[PDB]
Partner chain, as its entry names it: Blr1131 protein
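Just one chain follows, in the form deposited without its partner chain, and it is written as C-alpha cells.
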C-alpha cells in the first residue's frame, strides 16, 4: 500500500491517460499511489540537491548518460520542452549518471548548445539504482512524470519526442 499523499497523482494519471498515445504512447500511467525515493544528486556546481527540493512543481525527471545512444538523441527535445513549459508549476530535471569522466557530459551539452537544462548529475549513478528498486528503471533513458508531492504520475522506459504536440499536451494537462 502506497503513500496516501500520492492519491491525487493517480487521479491525475487517470485523467491524462487518453493523451498517452502517438509520440507518448510508451508512457505508462501510475495505477497505484507511489512516492518516489528522494533521489539525491548534484547541480552544475556540485551543490547537493534532492527530489524533494523540487516539491511543489510537476516535474519530468529524466536519467541520461553520454554512453546511452537514445539518451543523447533525445536531449535536444528535453531542452526544448524545458524552454516551452518551465515555470512556477513545471520543470524538467534531467540527471546525468556518467560515472567515468565528469567532464564528458558537460562537453556534450555545450557542443549541443543545450543550456536550459542546467547540469544535474549523480556521479554515483545511485539514482538509477533507486528507481530500479521500485521497478521504474528498466533501461536507459528512463523518465518519470512526477507530481508536486513527489509522486509518480507516469513512467516511460525509453526515449520520446518530448517537444512534440502530443508530449506538450500531455504535460500541460498533468500540470494544471
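Residue numbers count along the first chain shown, from 1.
Omitted from view is the form deposited with its partner chain bound, to which the following refers.
Contact check for residue 134: no non-hydrogen atom falls within 4.5 Å of its partner chain in the entry with it bound. Its partner chain in the entry with it bound is approached by residue 123, whose closest heavy atom lies within 4.5 angstroms of it. In the entry with it bound, residue 46 stays away from its partner chain, with no heavy atom inside 4.5 Å. Although the partner is absent here, residue 112 lies well away from its partner chain in the entry with it bound, with no heavy atom inside 4.5 Å. The stretch from 35-43, 48-56, 62-70, 145-153 that comes within 4.5 Å of its partner chain in the entry with it bound, counting heavy atoms only, is 62-70. With respect to its partner chain in the entry with it bound, the three residues 81, 168 and 176 uniformly fall beyond 4.5 angstroms at the level of their nearest heavy atom.
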